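Below: one structure, written as structure tokens.
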Amino acid sequence: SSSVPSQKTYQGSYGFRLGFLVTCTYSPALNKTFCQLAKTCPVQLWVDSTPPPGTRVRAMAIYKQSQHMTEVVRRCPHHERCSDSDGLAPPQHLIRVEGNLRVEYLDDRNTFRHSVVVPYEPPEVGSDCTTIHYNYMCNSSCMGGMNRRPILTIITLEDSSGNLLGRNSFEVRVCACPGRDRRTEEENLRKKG
DNA sequence: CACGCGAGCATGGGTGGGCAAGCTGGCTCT
DNA sequence: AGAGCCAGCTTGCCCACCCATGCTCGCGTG
Ligand SMILES: [As]
Ligand SMILES: [Zn+2]
């Protein structure tokens, strides 16, 4: 019945967690990436056990604040009309995946929420993780889109059957100056949090 | 013994200060 | 000689205070 997807961490039986390696900088204190518009934001997928064949990785944005949570996260009308299309991403989608030949962009028939899915691929031998390159195609501040409202990215590991294997999430701010903004927010947390 | 009146209250709204956040300007760098 | 920084600027927006205005309340009246 809910149209709001869960943001609850579920590291699950496979021991699923994310890693993060200026265009992009991660704050572990905030669990929050600070990204520039349309720039690569690499996210690592770590598991303790190997998911089954046909496992998929989905990413979806939701507004972080209770008052906005039920509103679907979409690109603003300016960026939507911008001719920055890679050929596969529908222009209303905020989150894209770059560098994957099997990306699928979904628009939920019931909830109208946008997601982007790629096959899960096990790390190379001797590698601890697999990396997916996401891009956020609007600033947090975009008038008529996010409009300065913080978002969470929800990453789910899903079997081909649709069972939830794992779920992790991190906040995102897409902004002109990620370094400045990370420092500001961390100082605000230490001083007034 | 119902009503009239002046005092004060409640409650949405305005205002000024400060903040947020893309952007510009100069140096520096290569 | 184009480009990268870093500081500072710009500008919508937030926030707290105060105001605005219908209504309540106790007094006194008729
Ligand atoms: As990023
Ligand atoms: Zn936008």
Side-chain angles (χ1 to χ4, degrees), chain A residues 2-9 18-44 58-100 103 105 107 111-116 129 131-155 167-193:
Chain A
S2 184
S3 61
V4 185
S6 177
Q7 64 165 86
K8 184 138 168 236
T9 299
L18 303 177
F20 300 84
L21 278 66
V22 197
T23 51
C24 181
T25 183
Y26 177 74
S27 180
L30 298 167
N31 179 39
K32 182 169 180 166
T33 59
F34 292 82
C35 303
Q36 288 185 331
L37 178 59
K39 301 286 184 57
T40 302
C41 196
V43 178
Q44 304 172 336
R58 186 183 309 265
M60 182 183 288
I62 67 157
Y63 288 116
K64 174 168 184 215
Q65 300 164 287
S66 277
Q67 61 257 50
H68 302 299
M69 212 167 252
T70 60
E71 171 180 354
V72 177
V73 179
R74 318 165 181 277
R75 294 184 62 186
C76 80
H78 167 62
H79 287 124
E80 163 186 353
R81 298 176 50 186
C82 277
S83 38
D84 59 8
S85 41
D86 57 9
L88 327 170
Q92 296 162 221
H93 283 226
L94 179 67
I95 307 171
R96 295 184 189 178
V97 177
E98 60 174 351
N100 191 298
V103 188
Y105 289 91
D107 276 58
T111 70
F112 314 125
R113 297 191 187 257
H114 300 159
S115 57
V116 51
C129 68
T131 300
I132 293 167
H133 273 198
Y134 292 105
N135 311 103
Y136 295 88
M137 308 301 311
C138 272
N139 283 320
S140 294
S141 59
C142 280
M143 184 182 61
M146 297 181 284
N147 195 29
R148 304 191 308 293
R149 304 174 282 183
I151 66 161
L152 297 180
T153 298
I154 303 165
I155 310 302
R167 185 182 304 110
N168 276 299
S169 77
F170 51 95
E171 179 179 346
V172 184
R173 174 185 176 86
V174 188
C175 49
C177 307
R180 172 188 66 179
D181 290 0
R182 176 169 163 198
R183 296 155 179 229
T184 294
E185 286 188 25
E186 285 181 349
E187 289 303 273
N188 288 159
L189 168 72
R190 183 144 86 164
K191 286 187 216 162
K192 336 184 140 175

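The figures here come from the full heavy-atom set of this structure, side chains too, leaving out hydrogens, waters and symmetry mates. Naming convention: chains lettered A, B, ... in sequence-line order (proteins, then strands); numbering from 1 in each chain.
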How many Å lie between [atom1] on [X] and [atom2] on [N], as a whole number?
X: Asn147(A); N: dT11(C); atom1: CG; atom2: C1'; value: 14 Å
X: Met143(A); N: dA20(B); atom1: CE; atom2: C1'; value: 16 Å
X: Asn188(A); N: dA21(B); atom1: CG; atom2: P; value: 11 Å
X: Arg183(A); N: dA20(B); atom1: CZ; atom2: P; value: 17 Å
X: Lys192(A); N: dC14(C); atom1: NZ; atom2: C1'; value: 13 Å
X: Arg149(A); N: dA20(B); atom1: CZ; atom2: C1'; value: 16 Å
X: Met146(A); N: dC13(C); atom1: CE; atom2: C1'; value: 18 Å
X: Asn139(A); N: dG22(B); atom1: CG; atom2: P; value: 5 Å

task = Apply the test side chain to side chain donor-acceptor pair (under 3.5 Å) to residues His133(A) and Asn100(A): give CA-CA distance (whole Å), side-chain angles for both, the deciding distance (0.1 Å), then the verdict.
result = CA-CA 9 Å; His133(A) 273 198; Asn100(A) 191 298; over 6 Å; no
Polar side-chain contact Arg148(A)-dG22(B) base: donor and acceptor under 3.5 Å = no
ask   = Does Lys8(A) offer a backbone N or O that forms a donor-acceptor pair with the side chain of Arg167(A) under 3.5 Å?
value = yes
message = Between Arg182(A) (side chain only) and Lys32(A) (backbone N and O only), is there a donor and an acceptor less than 3.5 Å apart?
response = no
task = Would you indicate, yes or no, if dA20(B) has its OP1 or OP2 atom less than 4.0 angstrom from a side-chain nitrogen or oxygen of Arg180(A)?
result = no
N/O (side chain, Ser141(A)) to phosphate O (OP1/OP2, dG22(B)) under 4.0 Å = yes
Sugar half of pseudorotation for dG8(B) [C1'-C2'-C3'-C4' sign: + north, - south] = south
ask   = So does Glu187(A) pair up with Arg183(A), basic N to acidic O under 4.0 Å?
value = no
